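To start, the structure itself, in structure tokens.
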Amino acid sequence: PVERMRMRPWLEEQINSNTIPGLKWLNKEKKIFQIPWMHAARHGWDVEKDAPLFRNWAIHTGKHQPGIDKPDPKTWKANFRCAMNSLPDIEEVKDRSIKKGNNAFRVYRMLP
Numbered sequence: 002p003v004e005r006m007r008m009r010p011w012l013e014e015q016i017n018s019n020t021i022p023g024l025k026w027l028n029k030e031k032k033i034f035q036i037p038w039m040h041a042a043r044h045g046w047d048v049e050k051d052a053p054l055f056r057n058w059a060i061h062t063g064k065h066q067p068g069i070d071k072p073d074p075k076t077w078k079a080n081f082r083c084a085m086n087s088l089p090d091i092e093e094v095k096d097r098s099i100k101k102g103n104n105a106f107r108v109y110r111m112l113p
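According to the entry's author numbering, the sequence shown holds residues 2 to 113 in order.
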């Protein structure tokens, strides 16, 4: 019911399995993974690219339960960002004025 699969390995798995067309290890040897994120919908509309992950956050991070509480995706969006400010081994890189004409995702370098 309330287990702790751990986000670090949860991502190492999703990234290795390549469940989202864009999220994946750019350099798995040094553990570098990049996700596309919902750069399009900053709230809740064009946010289906990473919604399967973002939505799983509520169940994977043990925060929302289907049948007992309300499935609010608005907070799930913020939950995703908290993970980026966590695990003292992740380096987020979304570019600033160069790679901004194709996708502009968030490349995260994860240490061991």
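Backbone N, C-alpha and C define an ideal beta-carbon position, used for all residues, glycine too.
**Item:** Own chain, CB closer than 8 Å to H44, minus 5 neighbours either side, in chain order
**Value:** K75, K78
**Request:** Report yes if the C-beta distance between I33 and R82 is below 9 Å; otherwise report no.
**Result:** no
**Request:** Under the assumption that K29 contacts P37 (Cβ atoms under 8 Å), give the Cβ distance between them as a whole number of angstroms.
**Result:** The Cβ separation is near 17 Å, so there is no contact.
**Message:** Can you check which of these residues, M85, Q15, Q66, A105, is closest to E4 by C-alpha distance?
**Reply:** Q66
**Asked** If we count the other Cβ atoms within 10 Å of its Cβ and call it buried at 16 or more, is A59 buried or exposed?
**Response** buried
**Message:** At the level of alpha carbons, what is the spacing between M39 and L24?
**Reply:** 12 Å
**Message:** My output table needs one value for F106: the three-state DSSP class, helix, strand or coil.
**Reply:** coil
**For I99 and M8, the rounded distance between their alpha carbons** = 30 Å
**Request:** Give every residue of the same chain whose Cβ lies closer than 6 Å to the Cβ of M85, excluding the five residues on either side of it in the sequence, and list them in chain order.
**Result:** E93
**Item:** Paired residues, beta bridge with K25 - DSSP
**Value:** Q35
**Which listed residue (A41, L54, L88, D73) has its alpha carbon closest to that of residue 168** = Since the first residue shown for the chain is 2 and the last is 113, residue 168 is missing from the structure and cannot be characterised.
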